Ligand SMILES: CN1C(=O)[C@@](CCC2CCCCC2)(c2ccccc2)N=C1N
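First comes one chain, alone, set out as structure tokens in the form solved without the named molecule.
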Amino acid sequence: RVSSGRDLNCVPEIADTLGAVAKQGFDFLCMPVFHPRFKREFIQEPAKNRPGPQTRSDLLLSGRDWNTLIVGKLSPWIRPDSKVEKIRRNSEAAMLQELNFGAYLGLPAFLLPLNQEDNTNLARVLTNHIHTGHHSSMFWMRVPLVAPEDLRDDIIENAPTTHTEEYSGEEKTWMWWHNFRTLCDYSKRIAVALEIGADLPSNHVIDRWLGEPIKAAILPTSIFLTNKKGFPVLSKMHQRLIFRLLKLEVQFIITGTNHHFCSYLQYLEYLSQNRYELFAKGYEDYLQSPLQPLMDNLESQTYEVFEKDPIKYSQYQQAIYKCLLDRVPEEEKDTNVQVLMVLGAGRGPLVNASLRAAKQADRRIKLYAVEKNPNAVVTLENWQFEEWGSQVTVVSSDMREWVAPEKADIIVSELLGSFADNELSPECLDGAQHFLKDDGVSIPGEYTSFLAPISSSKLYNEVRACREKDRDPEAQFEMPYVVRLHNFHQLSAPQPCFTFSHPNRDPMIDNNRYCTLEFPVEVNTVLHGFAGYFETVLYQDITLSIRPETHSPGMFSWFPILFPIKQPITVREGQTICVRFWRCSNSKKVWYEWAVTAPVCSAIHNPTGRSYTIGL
């Protein structure tokens, strides 16, 4: 299933052309709303008094056909950035005229070209149009992957094409887009219609478009090869690019005339059929608030999603399995009973993970199920009366305030978040450390948070839209979000941030942290935020991880976390991004603060936890 559209510049009749395009398999049609050659005059007489009609009537199509099938196109003679003043005045009035007519038809999208460096006045006329009412209109900026000047034939005798590499020069078309959307102030109604050429540029040029809001990819017929059978195909490099564009679920647009018509379309459908992700699809780039299981009581179905992770609990069972053997040798398996304390049992999957761990280890254990959420205790006590029995002792209390009847050999907990400690696991286990034996084992025994600088103009615009009515207008940038990162670009390998160990035998326990990380960036990009992952050591070599390079294969739990920054930061190739992270806490709240110090400085985000705190 490929959403595909047909681009045309010649439509003698809308009814016949739309039917022919639809019968070839396309889902929509890109056509001009005025005749492409019908140049119009707005200022000078007598051409300004040209009698109408100026274009086709809106009655030639149903309202639903305009809403879902037609994509308008700016007339190619409209140049709002001309150096001639008269041509500017006419192009300005004409651009508004065609834009307003596209809105009058209720078109789903509208195409505008970016085929030169200076599009300042083109951006202003579009910005005034967008700020004329809050209407559900989308605008696709047609920008080529390679500038037309950079792919012309070397057939001009007195002006030979460049034969030396210009690293930033080969990225000029991304600069056209980056300037344009900055002038339009990161409008959500402005996207990219990337146009693919016959000769792809270097890898770093395609990588520039990572994290950009690409809604369409334009494929000219003239870039397709020809097999022995005579059908259009693509080179392996183009196939590699189509596969990357499929992961963004872009709409592919076929332009140009037939040189070999549904053959180009069937080749795209052919590549689409030939190619965790099943569970993460749908939440892609969906910002969520990080769970605070300590301050809040999780709902029933929130626990249900946690328990639908067999890889996560089999590691816990295995970790408890190995720890039982290492503590009770073979000759006391009938006289040595280990005291396990599930600190934060929830609905009790770790209690069952302990039962299955003691069975396959053939050791006797005594269980305490400590949970503070009284609603989950209802699940535990019905579980304990019906199945578990007297072997498990349910304790409805906070693990920091509980007065244990005895001390434990092993304490088990899953108090970790996407950023390891962002659910206050260190504070809860410290307060629970007093009833642990001197040789006691904590599962997990340690965990570490990771950070990586990302580039994603899409996610930056999404965080930017989270402004609320009765709070700081920039508070949405000073708080982390749990999001399945998708359309983004990781600029540097993740590095460890904060590390905690349990039990913390140190006499001067202090969970406040300050870390400086320097990321080598080998590309030109725009920094928008930092991706957060974590790793944890349950016991010895039994670990859990959401860090991409060492990610636990097959684990659905924990999406990455996102620390944004208020203003985007330009980063050149070879520059080092330096970020500073603080873990702050008082007697009531824990919070994070972060700041960028290289290549330029940002503000210190969330100072004193003014925008985001974690409840103790």
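Start at 1 and count along the sequence shown; that's the residue number. Only residues modelled in both forms are compared. For the two forms, the rigid core is made up of the largest set of C-alpha atoms that agree within 1.5 Å on superposition.
What comes next is about the form solved in complex with the named molecule, which is not displayed.
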Problem set entry | Steric status of site, the named molecule superimposed as seen in the entry with it bound, threshold 2.4 angstroms to backbone or C-beta | blocked
Exercise. Taking the named molecule in the entry with it bound as the reference, which of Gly102, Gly211, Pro426, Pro494 has a non-hydrogen atom within 4.5 Å?
Worked result: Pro426
Exercise. Which one of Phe110, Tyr460, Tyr447, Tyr368 is close to the named molecule in the entry with it bound, taking close to mean a heavy atom within 4.5 Å?
Worked result: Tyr447
Problem set entry | Stretch in contact in the entry with it bound with the named molecule, which is absent here, among 569 to 577, 555 to 563, 26 to 34, 61 to 69 (heavy atoms within 4.5 Å) | 555 to 563
Problem set entry | Distance check, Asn422 to the named molecule in the entry with it bound, heavy atom within 4.5 Å | yes
Problem set entry | in the entry with it bound, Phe500 touching the named molecule (heavy atom, 4.5 Å) | yes
Exercise. Even though the named molecule is not shown here, does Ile546 get within 4.5 Å of it in the entry with it bound, heavy atoms only?
Worked result: yes
Exercise. Is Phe534 close to the named molecule in the entry with it bound, meaning a heavy atom pair under 4.5 Å apart or at it?
Worked result: yes
Exercise. Since the partner is left out here, which residues of 60 to 76 would have a heavy atom within 4.5 Å of the named molecule in the entry with it bound?
Worked result: none
For this session: Shifts of 2 Å or more in the Cα, rigid core superposed between this form and the one not shown, apply to only one of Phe530, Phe252, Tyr460, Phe419; name it.
Result: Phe419
Exercise. Taking the rigid core as the reference frame, is the Cα of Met295 displaced by 2 Å or more between this form and the one not shown?
Worked result: yes
Exercise. Is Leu485 one of the residues whose C-alpha moves 2 Å or more between this form and the one not shown after the core fit?
Worked result: yes
Exercise. So the Cα-Cα distance between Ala420 and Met479 shifts by 3 Å or more in the entry with it bound; is it shorter or longer than what we see here?
Worked result: closer
Exercise. Once you compare with this form, do the C-alpha atoms of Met295 and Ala531 lie closer or farther in the entry with it bound, given a change of 3 Å or more?
Worked result: closer
For this session: Once the core is lined up, would you list the consecutive runs of at least three residues whose Cα atoms each shift 2 Å or more between this form and the one not shown?
Result: 289 to 298, 415 to 423, 485 to 488
